[PDB]
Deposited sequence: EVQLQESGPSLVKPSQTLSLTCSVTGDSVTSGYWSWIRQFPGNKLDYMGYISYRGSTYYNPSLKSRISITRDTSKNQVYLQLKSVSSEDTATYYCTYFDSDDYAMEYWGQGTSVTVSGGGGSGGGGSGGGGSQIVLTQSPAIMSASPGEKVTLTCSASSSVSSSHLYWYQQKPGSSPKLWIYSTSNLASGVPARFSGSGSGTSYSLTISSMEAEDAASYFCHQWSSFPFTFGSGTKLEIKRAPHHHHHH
């Protein structure tokens, strides 16, 4: 019901400015946040910042002073500007929409790839093993250990398959999002969380990322790639 689409140059020279546009289409909204999230090669996700429905912004401390997120509401667009890029800014950039009156839904654009030729603190989310293979029919358990405590309402899981964006999979530790087979489950508390498939199917092979938005900047685990034997 909200579609999102990112565009801008696929290549940028060091020290230049990167400018992307997120085109919002679909139903009108009365609240929420448009966030820019990027994914590095090797798949680490990085929360950049948001602009709210009231035009309030939050920027990852790591980017502050380089980043700005703006809106052209007449054009239903949201913009990202990041100045003084380096090869460290090479990634696929996604814009996303979320409304905290509803924890169960989050919308992601298709994502656009960009290649380049503060002071703060963050919760680190650890997912081990990085890669795992299971046979069809096995009960599978993936874990997420947070370096500091996280509210269980704000611990979330995402599935992603090659060539496509992360999809909201579990929200608030244990609730399956729309689209998710009920063979999935999640539990945990404090700094220790797990996702479970009662019975592994071929379609479950994918990367899974955990995510907390209990503390600012929100962070993602580096994922477990789940393969089929």
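**Q** As a test: can you identify every run of the deposited sequence that has no C-alpha position in this structure, in order?
**A** Several stretches lack coordinates - namely 118 to 128, 241 to 249, in sequence order.
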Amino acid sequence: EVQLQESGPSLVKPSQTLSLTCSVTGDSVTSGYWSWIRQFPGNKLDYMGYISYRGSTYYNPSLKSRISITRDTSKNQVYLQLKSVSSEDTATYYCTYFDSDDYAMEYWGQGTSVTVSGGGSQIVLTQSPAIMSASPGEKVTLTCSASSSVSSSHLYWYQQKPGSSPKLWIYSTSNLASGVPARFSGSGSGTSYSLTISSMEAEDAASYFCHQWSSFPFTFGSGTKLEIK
From here on, numbers count along this sequence of modelled residues.
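**Q** So 42 to 50 or 24 to 32, which one's hotter by mean CA B-factor in the entry?
**A** According to the PDB entry, the answer is 24 to 32.
**Q** Please compare 134 to 142 with 75 to 83 and name the stretch with the higher mean C-alpha B-factor in the deposited structure.
**A** Mean B over CA atoms: larger for 75 to 83.
**Q** Kindly indicate the residue among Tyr94, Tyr156, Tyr103, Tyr107 with the greatest C-alpha B-factor in the PDB record.
**A** The record points to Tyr103.
**Q** Using only the C-alpha B-factors in the record, can you name which of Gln16, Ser207, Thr219, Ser214 has the highest?
**A** Each of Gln16, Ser207, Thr219, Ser214 was compared by C-alpha B-factor; the highest is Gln16.
**Q** Give the position of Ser164 by CA B-factor within its chain, expressed as the lowest, middle or highest third.
**A** CA B-factor rank for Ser164: highest third.
**Q** Within this chain, which third does the Cα B-factor at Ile170 fall in: lowest, middle or highest?
**A** It belongs to the lowest third of the chain when residues are ordered by C-alpha B-factor.
**Q** Divide the modelled residues of the chain into thirds by Cα B-factor and specify which third, lowest, middle or highest, holds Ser185.
**A** Lowest third - that is where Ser185 ends up once the chain's C-alpha B-factors are sorted.
**Q** Using only modelled residues of the chain, where does the Cα B factor of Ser65 rank: lowest third, middle third or highest third?
**A** Tercile = highest for this residue's CA B-factor.
**Q** Within this chain, which third does the Cα B-factor at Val114 fall in: lowest, middle or highest?
**A** Within its chain, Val114 is a highest-third residue by C-alpha B-factor, going by the deposited values.
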